[PDB]
Structures are given as C-alpha cells and as structure tokens.
**Student:** 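Here it is, the structure, as structure tokens.
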Amino acid sequence: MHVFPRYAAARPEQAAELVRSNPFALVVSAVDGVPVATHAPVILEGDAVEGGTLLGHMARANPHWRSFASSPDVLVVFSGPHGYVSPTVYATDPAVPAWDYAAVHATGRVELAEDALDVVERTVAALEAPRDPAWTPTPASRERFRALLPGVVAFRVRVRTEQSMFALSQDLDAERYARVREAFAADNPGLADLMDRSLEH
Amino acid sequence: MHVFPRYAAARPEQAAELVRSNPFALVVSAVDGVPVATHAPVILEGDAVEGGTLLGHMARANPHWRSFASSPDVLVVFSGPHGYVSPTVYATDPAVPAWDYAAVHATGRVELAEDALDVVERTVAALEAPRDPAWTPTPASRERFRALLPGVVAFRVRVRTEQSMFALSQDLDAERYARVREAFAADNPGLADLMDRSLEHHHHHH
Ligand code: HEM
Ligand code: HEM
Ligand SMILES: N[C@@H](CCCNO)C(=O)O
C-alpha cells in the first residue's frame, strides 16, 4: 500500500480502531512466488497495530497454514467502510470519479499458535462484545469447541510495519464534501459514520 | 483460498457476477516472500473469470507496479457482501459463530497495459453502468483524463485460476437458515439478496 500524504491517519488510535472494528480480515502469504489469501477473523492484542500482535484461526483443511510453519512474513489486510464516488455526486464539470475507503495493512512474522482454543475463545469474546445482548458460550458450546479443535489451526502475527489509508474525501472543499457525505448517508451509513469519526481529529 | 465444497459456486456465472458487481478489488504481489497489496478498481474482460482478463490501474507514484516485471504472479481478490453470524441468531445450544461472505480470488500473470486511457475509460463505463442516471464523461472531463494519464499505470491480468467462496449458510438447516437471512434483511440487504441468488441453483450432493 502506498499511503498518499493527504490520506494518512491523523492519530495512531485511528488505525487500531479500524482493526478492532473490522476483524474479518484477509491473511496473505507467498507460496512459490504466488500470493495466497484466506479470509479469517483476526483480533489485535495491544494498543497499537505496529508492534502489536494479531491472532487468528483458519481451517486445518485449508493448506494455507502450512506456509506459516517456517514463520515467513505475512500481510493482514483490514478493510473498513468504502464506497464509489460518482461525478454525479460532485455535480461539477471537469470531474473524475473516486473510491473512498479506509484500510490498515499489517505485515510481520507469523507463528503457529499452540493455544488454539484460547485464540478462538478470545475471538468469540471480541466479536460478541459490540452486540447487545452478547452471546456467552455455554459449557455445551465449549465442549463443542473442544470437539472441533482438531480441525482448526491458530496463528499469531507480530506486526513489524503498519500502513493505514483513510481516503475519506478530506481533501475536498466544504461544498463537495457535504455532497459526498450526504450521498453516503443514505445506503452507506457506515462510511458516513467513518467520515464523521475521521474529522473528529 | 481453500474452497470448502459446501460453499462452492453452483455455476461459474456466479463468480463473474460477483467480480462485475464488486470492482473495488485488492491487487496483491509477492516480492521476496513479502506480500504487497493495493486497493484499485479492476474490471473483467470476458464471460468467465478463469481464462479471462482483468484490467485495472493504480498510481504511478505507487511503487507496487515496479514489481510487476520481476514478480508477475499476481492475485486479485474481489469481495462481495459479508457479515458476522452470531449464535444469538441461531437461538440454539451447542452453537459456534460464523462469518458469511462471498469472494472471488483470481490468480495469474500481470503485464503493463499500453492503452491506459482505454482502461480508465472502460472502468468509468463499467462503474457507472448500474447507476441511474449514469455519468458519461464530458469533452472537458475527457480532456482532463488525457492530462492526468501520465500519473497512471494501467495493468492487465491473464487469469490462470479462479477460486470462489460462497459461505452463505447453506449448510444450516432450513429453520436456522431462515433466521440468518431474516436477521441480515434489515441492515445488510446486500447479503440477504446474495443468499437468495446463491441458493437458487445451489446443489447439495454434487
Ligand atoms: C468467534 C467467531 C468465529 C468466526 C468469525 C469464525 C470464522 C471462521 C472462518 C471464516 C473459517 C474458514 C477459514 C478458512 O477459510 O480456512 C473458520 C474455520 C473453522 N473454525 Fe472458526 N470462527 C469463529 C469461531 C470458532 C470457534 C469458537 C471454533 C472452535 C473450535 C472454531 C473452529 C473452526 C473450525 C473447526 C474450522 C474449520 C471448518 C471446516 O474445516 O469446515 N471457530 N472459522
Ligand atoms: C472510474 C472510476 C475510478 C476509480 C474508482 C479510480 C480509483 C483510483 C484509485 C483507488 C487510485 C489509487 C491507486 C493506488 O493506490 O495506487 C487511483 C489512481 C489514479 N487514477 Fe483512478 N480511478 C478511476 C478513474 C480514473 C480516470 C478516468 C482517470 C483518468 C486518467 C484516473 C486517473 C488516476 C490517477 C492520475 C491516479 C494517480 C493519482 C495520484 O497520483 O495521486 N482514474 N484511481
Ligand atoms: N463450520 C464448522 C466450524 C465453523 C467454526 N468457525 O466458523 C461447523 O459448523 O462445524
């Protein structure tokens, strides 16, 4: 990722916030020169992405995790709200379309996790916390977790470098910014909320 | 990507439909074992993803394209609607959470595209086609395009392999499936609509 200076994070908490808010991530490694990716829930341990630790799991039947045994670098991509910006919204001549989006790319050394039950149970706790009411695993569900464990592989990524993009129209002037924000308010309220939180800095 | 048989596409038309519907893709290369990714609009040339050609562009200022000569194996990830499935929705004991989603992973060789103007103009046409009204570039806009072109690097991907995941709760029983779809209908109608279209020709036991 090439972070355009105008679209850089305003505060390091912004990157960590996007990661925590969007745990369904893309985990990428290189296998014989070919990138291979798995969609998986990934949670953050620590206050910052850079220097933090990511924890995730995937299927044992998914051969991707075999590339982690040698502890290569892996890239984990967290994607926030996003949306196409049509020149119809800009309502100007000379116009060029855009795509507004936010994302955090974390790269670091992967390590297979022996504590696979701990990872999945911490993932439940993290993903249920924003819900009201939250689901708490019962003894019967935790027994089911143990029964499922042979089929899961858990992993940790120690983040060496983080790049975060917040391309949220902050370069526009007040007039068009309002047009873009109002257009997203309708059917992309997540993007509109992220625009509001992005100017909160 | 490992495509679990239970979540496989019923027809290759499903993969191409997802790609066309979700053009803001992730373009990934690997350089000396380190993956690098760029978010970019990518369009499909042809009726099928496998064997088809993808066209996209990124910033010339983005050093990612410099790797295309020495590392031409590239993955393009197209992501459709998705959403967390809480066991609260199931309303059953023994339960395990899930994340429902659909995605297409296209892998192949990348090459620089010589006609960058054609790529960006076809990208406009594709992204405006589902809109009403659709925006057609004015002469002044097309002049601006030509003025901006030096700052673009356009690329082509000849797709060797396509893998598609449609993890849309098809393994649940009908009762639980209905609960999941109804829960998504409110604030994730795109995901609910995708569940509906995916279950049309979904084949168990195939
Ligand atoms: C907390 C929320 C959870 C989410 C969002 C989630 C999501 C997922 C996803 C997306 C996959 C596919 C990964 C891949 O493509 O390789 C997967 C696989 C798997 N996960 Fe989880 N999971 C969660 C919790 C758990 C728990 C608590 C367990 C208990 C052991 C578990 C065990 C498994 C197993 C056994 C598989 C392999 C499935 C198969 O081979 O068919 N997961 N999970
Ligand atoms: C059709 C909808 C379009 C979308 C969604 C779109 C999106 C994008 C994105 C996301 C980037 C950043 C890529 C990166 O990170 O490297 C980019 C770069 C760029 N695109 Fe497009 N684009 C569109 C159309 C066009 C058109 C018609 C032109 C006319 C030449 C154009 C010219 C450029 C330029 C000059 C850059 C580099 C900007 C810079 O250096 O800051 N784009 N575009
Ligand atoms: N789908 C598997 C395990 C999924 C757990 N992660 O979603 C099952 O239901 O046995």
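A note on names: the letters A, B, ... follow the listed sequences, proteins ahead of strands, and every chain is numbered from 1.
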**Student:** Tell me which of these, B:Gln163, B:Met58, B:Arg131, B:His82, has more heavy-atom pairs under 4.5 Å with chain A than the rest.
**Tutor:** B:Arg131
**Student:** Name the option with the most non-hydrogen atom pairs under 4.5 Å to chain B; the candidates are A:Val120, A:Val28, A:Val124, A:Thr123.
**Tutor:** A:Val28
**Student:** Hey, are B:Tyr7 and B:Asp171 close enough side-chain-wise for a donor-acceptor pair under 3.5 Å?
**Tutor:** yes
**Student:** Parallel under 30°, tilted from 30 to 60°, perpendicular over 60°: which one fits the rings of B:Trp99 and B:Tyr84?
**Tutor:** tilted
**Student:** Do B:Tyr101 and A:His39 make the cut of ring centroids closer than 6.0 angstrom?
**Tutor:** yes
**Student:** Using a 3.5 Å distance criterion without hydrogens, assess whether the side chain of A:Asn22 forms a donor-acceptor pair with backbone atoms of A:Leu18.
**Tutor:** yes
**Student:** Which residues from residues 71-80 of chain A are near chain B, with near meaning under 4.5 Å between non-hydrogen atoms?
**Tutor:** A:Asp73, A:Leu75, A:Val77, A:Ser79
**Student:** What part of B:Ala61 gets closer than 4.5 Å to chain A, counting heavy atoms only: side chain, backbone, both or neither?
**Tutor:** both
**Student:** Using a 6.0 Å distance limit plus a 45 degree cone around the ring axis, check whether B:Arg142 lies over the aromatic ring of B:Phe145.
**Tutor:** no
**Student:** Only pairs at least two apart or in different chains count here, so list each salt bridge (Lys or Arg N to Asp or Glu O under 4.0 Å) that has a residue in residues 21-34 of chain B.
**Tutor:** none
**Student:** In terms of heavy-atom pairs under 4.5 Å with chain B, which of A:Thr107, A:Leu127, A:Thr38, A:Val36 leads?
**Tutor:** A:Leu127
**Student:** Tell me which of these, B:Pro35, B:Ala167, B:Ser29, B:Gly190, has more heavy-atom pairs under 4.5 Å with chain A than the rest.
**Tutor:** B:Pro35
**Student:** Can you give each donor-acceptor pair under 3.5 Å made by side-chain atoms of residues 86-96 of chain A, sequence neighbours left out, with the distance rounded to 0.1 Å?
**Tutor:**
from    : atom 1 : to       : atom 2 : distance (Å)
A:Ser86 : OG     : A:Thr88  : N      : 3.1
A:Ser86 : OG     : A:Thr88  : OG1    : 3.4
A:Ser86 : OG     : B:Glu128 : OE1    : 3.4
A:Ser86 : OG     : B:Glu128 : OE2    : 2.7
A:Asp93 : OD1    : B:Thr138 : OG1    : 2.7

**Student:** In terms of heavy-atom contacts, does CD of B:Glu143 have more than 12 from other residues, nucleotides or ligands at under 6.0 Å?
**Tutor:** no
**Student:** When only pairs under 4.5 Å are counted, which of B:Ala140, B:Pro137, B:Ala40 shares the most heavy-atom pairs with chain A?
**Tutor:** B:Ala140
**Student:** Just to verify, what does B:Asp173 make a side-chain contact (heavy atoms from CB on, under 4.5 Å) with, not counting sequence neighbours?
**Tutor:** B:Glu175, B:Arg176
**Student:** Starting from the C-alpha separation in whole Å, work towards a yes-or-no answer on salt bridge (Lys or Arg N to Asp or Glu O under 4.0 Å) for B:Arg122 and B:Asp118.
**Tutor:** CA-CA 6 Å; B:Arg122 289 161 70 175; B:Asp118 189 60; 3.0 Å; yes
**Student:** Of the listed residues (A:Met165, A:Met1, A:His105, A:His64), which shares the most heavy-atom pairs with chain B below a 4.5 Å separation?
**Tutor:** A:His105
**Student:** If you count heavy-atom pairs within less than 4.5 Å of chain A, which of B:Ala103, B:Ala37, B:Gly33, B:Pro97 leads?
**Tutor:** B:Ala37
